[PDB]
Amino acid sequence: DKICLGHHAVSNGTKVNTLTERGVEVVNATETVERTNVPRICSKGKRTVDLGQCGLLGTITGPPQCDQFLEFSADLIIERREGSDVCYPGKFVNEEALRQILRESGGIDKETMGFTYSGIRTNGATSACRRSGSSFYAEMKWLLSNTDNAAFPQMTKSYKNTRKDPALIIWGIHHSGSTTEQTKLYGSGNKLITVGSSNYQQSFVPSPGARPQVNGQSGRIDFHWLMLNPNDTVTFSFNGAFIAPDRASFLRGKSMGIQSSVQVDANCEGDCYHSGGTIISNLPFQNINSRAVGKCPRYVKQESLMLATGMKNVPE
């Protein structure tokens, strides 16, 4: 007598939103926004360097905590909150730019500057940099007058980058905790440090004075840097207060740098990282961390956006 067409339905549908309507129930749906974080840095298959107590910029100068990171090689570089770039207190000018350079560097290779010295002391040390006794930045030399209060001779040192890639060059200006202390180390007078390449020019006059004690020291070191292009020459003309580079740094290739508070895990793979871990997902959006880096789902404000994968649910 008759035949009837129809469609399936279920008891428990899933709500989704449409152009015309909020909360329409459909037979099935699936999430588009990722909310599940893995609380580890998922580093399977990647050359990983976890800097721990070594600060990224310290890999260039070499305080004792960075002794094992002077020539590292990496796909993934992890910075930690406890990392410190210094032993003897100080900081870098254009510091964040340099961190960004080092984070994508692939790591660093070191080579001697070829600097030799006469007429001065070369082995300044301090209790702030401990290596079974007082020491100093591994990659630098604290240049001093031969004896207390002696005049530091006007000096010139030059280095030519004979390599195919640009050279990262670093130096330091030492600000003693007092004028008397400056004269004792480098002789009296207002010292001058000049630095120039073919695309860079700048000068520095120190400034002794009492700072609050950090790592037991009231002095500071200003660290400065520049990229020296292939075949370019850098010249250092200085009269004291100068922390000389012992070695130049070269970038190895490509890497990605992250900041995190969680442990490395070689049992999971992922390419989207943030401080709380790894977002592993094929979904196009995520609501976990707007500062996630790598190859990530897009950050959105919504916790959930359900995509219908079935018809409208019409139960009896």
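Quick note: we count residues from 1 along the sequence shown, nothing fancier.
task: Report the stretch with the higher mean CA temperature factor, choosing between 44-52 and 22-30 on the basis of the entry.
output: The deposited B-factors put 22-30 ahead on the C-alpha mean.
message: Mean Cα B factor from the PDB record: higher for 227-235, or higher for 104-112?
response: Higher of the two, by average CA B-factor, is 227-235.
field: Among 244, 185, 98, 77 - the residue whose C-alpha B-factor is largest in the record
entry: Among 244, 185, 98, 77, the highest C-alpha B-factor in the entry belongs to 185.
From 203, 84, 73, 94, residue of greatest CA B-factor: Highest C-alpha B-factor among the listed options: 203.
Residue 16 - Cα temperature factor, lowest/middle/highest third of chain: Its C-alpha B-factor, which the entry lists for residue 16, ranks in the middle third among residues of this chain.
query: For residue 293, does the deposited CA B-factor place it in the lowest, middle or highest third of the chain?
result: Tercile = lowest for this residue's CA B-factor.
task: Using the B-factors in the PDB entry, rank residue 9's C-alpha atom against the chain and give the third, lowest, middle or highest.
output: Top third by C-alpha B-factor.
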